[PDB]
């Protein structure tokens, strides 16, 4: 199988970091039998809330509040209810982690960084938003420590930042699952036999099928769905 089709083909050498990311992706796919599941979510309440408070948030705190912070929080709370999803396959046993440490993807133009928000369940939305802008700030300056990259127990990727509608991600070995949060799209939907216009978002979950099946994955996805759909001005506190 030839790897070249012209004399003018460009060869790009691969540094130690990039090669390690690639080896990680290969190991993950080889070791984990992935299955995938998708759920539609009404994010209108979240959109309305975020846009109501975003401007005064940036005035008061100095960093912006993204939709992502709310999604991290909703995932964190659902993981408290479902520890089987916060787990690791280890041959003859499944290890359920006591910490909810959410790996988030923040990619550069060249490569992909996956820092970890430790104990995400114990942080507020403001706290998560602070940490996101800090980690993105450190990824842009190349000042990202190994302590920032370690101890992740679950991964959430904001693929909607890249305009995707549906995606299937590779699980961050040795974790059990990865959730992709897709684009928020205005759609005509049906509510009580009427046609409404709502801000819909797909949640796309890849699972380690040795650990989990559709039943548990579905119950988990429903829990995140319910957490997102309950977001309004009265029900959700930023701190």
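Positions refer to the first chain, counted from 1.
- As listed in the deposited structure, the average C-alpha B-factor of 220-228 and of 7-15 is greater for 7-15.
- Stretch comparison (78-86 versus 101-109) by mean CA B-factor in the PDB entry places 101-109 on top.
- Per the deposited record, 64 carries the highest C-alpha B-factor of all listed residues (26, 64, 206, 202).
- As recorded in the entry, 146 carries the highest CA temperature factor of 158, 167, 155, 146.
- Per the PDB record, residue ranking by Cα B-factor puts residue 213 in the middle third of the chain.
- Ranked against the other modelled residues of its chain, the C-alpha B-factor of residue 72 as given in the entry falls in the middle third.
- In this PDB entry, residue 186 carries a Cα temperature factor that places it within the lowest third of its chain's modelled residues.
- For residue 56, the recorded CA B-factor ranks within the highest third of the chain. Only modelled residues enter the ranking.
- Per-chain ranking of the deposited C-alpha B factor places residue 142 in the highest third.
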